[PDB]
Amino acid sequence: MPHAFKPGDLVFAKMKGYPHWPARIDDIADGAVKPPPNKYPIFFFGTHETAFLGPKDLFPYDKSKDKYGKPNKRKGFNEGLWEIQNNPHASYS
């Protein structure tokens, strides 16, 4: 049965106006800016951008990849697909 989301979990993350996007729940580095309450720091593969999202926008990767893991015209998306499949826990700093 599911647990709560934790850093390192892989997802497709939904933002208004964008397709469901390959992403991870990130750690917060010591000394770094914390997210608001009930929000997680989401690192988007490909774009390498961070946004703060709640669980309603977070779709677990294994369950969702057959639906959402297809090439997309959008900038950074297909690079993102490669990252989530091939090295989802690397440093992309």
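The first residue of the sequence shown is number 1, and the count goes up from there.
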Stretch with the greater mean C-alpha B-factor as recorded in the entry, comparing 43-51 against 64-72: 64-72
Greater mean Cα temperature factor according to the PDB record, 32-40 or 53-61: 32-40
Third assignment of residue 14 from its chain's C-alpha B-factors: middle
Cα B factor band for residue 91 (lowest, middle or highest third within the chain): middle
